[PDB]
Structure formats: C-alpha cells, structure tokens
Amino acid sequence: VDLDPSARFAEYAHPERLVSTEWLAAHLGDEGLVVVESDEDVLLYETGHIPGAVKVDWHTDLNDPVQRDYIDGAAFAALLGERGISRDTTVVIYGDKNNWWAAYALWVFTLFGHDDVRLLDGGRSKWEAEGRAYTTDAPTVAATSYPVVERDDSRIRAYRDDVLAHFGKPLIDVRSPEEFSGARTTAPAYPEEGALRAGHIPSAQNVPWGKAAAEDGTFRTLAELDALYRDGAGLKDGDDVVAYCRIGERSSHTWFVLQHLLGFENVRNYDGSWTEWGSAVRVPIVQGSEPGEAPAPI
C-alpha cells in the first residue's frame, strides 16, 4: 500500500508516518489497509466511524487489567488478528482530540515492532469538517494471524529510574502550565490522574501538547514545530529527549512529533508520567513556571 505524496508531509522527517483524509478516502477498501479508531472517548466510535474502521479501546484492550503496564505480545497478536491485521498490513489510525490517542495507539504498535503505522492528519475533526461519510454499522472483519513478538520497551519508553539517571539531558513536560507550575496537581477535567505532590521534574521544558496541532487538528508545519521544540524548548541534533504528561497515553502525541516529524533519533515516552512521579518517594520536584536547574543524576 503506497505513500501519500502531499507536499505538506514532505518537509517532515518521516512523511510515510502521515496520510491525508483525501488519500484515505481514495484508499478505503484497499487490500493491505486497515483503519483503526483510537479515541480518548471510546464511545465516539459508535456515533459514527470511517467505513471499514475497527476500534482499539485503551480502557480494556491496551493495558494489563490489574497491573500498571501495556499488554504482552500474545494479547497484542490476538487483538490485531481479531481485527484482520497481519504483520505486513498498513495501519492508519485516527481519533478524537486532534489524534491525541491515535498517537498513543501508534506508540503501542511500535513497542510491538509493527512498521507501517500511520496517522490520519486531522483525525475525526478534519474527516467530519470536510463532510466525509461515517457509518454506525459494526464493521465485519475476517480474522487473520498476527505473530507473537516480545514487546520492545528499549527504544521509545522510559521508566522512572531511567528519568532519575536522565538529568542534564532534555525533558519535555506536555501538561497545562498550571500543572507544570504546581498550581494544580492535575487538569480540572481529570481528577483521577492527580498525584500526592505538585510541580514538574527540575529542568523539564513546558510544551503543552496541543501547540504541535493547528486548529483544524492537523500537525503544525515543520517551521512552527521547529520554533516550539528547537528554539523554545532548546532541543538540538543528538539530544536524548524524554516527554511526560500525567499518563503515557497523553505524552505519545509529542513523542510522535519529536521522533517522526522533527526526526529526533533518541525519543522516549515516560509513561509513568506525573501520576507516578508526583507519588514516588524522594524524586526531585520544583514549582514555578521556570524549568529549574537539574540536580545530580540519581
């Protein structure tokens, strides 16, 4: 299944990671293509979704049911086969909130080493605004076989003890400035994603995740994104960059911007994020909207 030649994506480091609404519309039904809805609000799928599209539910499908971790490769294989996805399938993911969760799903696929995963620029917003068709029909899929591969946390995921040893290397905190400063422990809309303590990781640069998206829901031009991350947050070629929100689901979008649109080679998602960090014992915290000086590597 082919690539989108849109001049807009061509400036980006990995244009192959993006498809337009017009490309996907032209490609609906193609053999080798499966469309996945990945929404923060999992109930949107049933309101209307892109024809042939399947749903991944972050509450039930992507997380261990009891323990705080992503599923293993057996459960991932059963998830993807049930949805007619094979190892070689081109997967295009779109969803609500400007592909916030679409990016998170893309990130989980990458842990499992699925190569051809792509975001539908503008997600549900831009499909809806261009008046393209939804269906409420439960799509009908022939089950396939998907290989059982071991999950790879090496390249794109950061644990707590990795972030403690990271000081002197750049940190992006993608949370509202009020959470950044420690004025709130969490966003108003998410009381259940609070922590004991308030502030940010010392030396973290506040880049709320929404700034990487235009009003239409598409990713900003490379130049605008260069302004934000290179000039604004002080990232340069070779930097080992860790991004964090409250939960890893919410820091996946920025991960995707840094790794696939700006082409930073070493980009890790700290999924523990503030829900872990603000409840952990004897981990560095500062308050105020100043990044802060980093302490000694722990």
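Heads up: residue numbers just count along the shown sequence, starting at 1.
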Look over 131-139 and 175-183 in the entry and identify the one with the greater average Cα temperature factor. 131-139
58-66 versus 247-255 - which carries the larger mean C-alpha B factor in the record: 58-66
For the CA B factor values reported in this entry, which option in 156, 103, 204, 189 has the top one? 189
Third of chain Cα B-factors occupied by residue 218: highest
Determine, from the deposited record, the chain-internal third of the Cα B-factor for residue 289: lowest, middle or highest. highest
Third of the chain, ranked by Cα B-factor, where residue 240 sits: middle
Based on the entry's values, in what third of the chain does the Cα temperature factor of residue 16 lie: lowest, middle or highest? middle
Chain thirds by Cα B factor, record data; residue 123 belongs to the middle
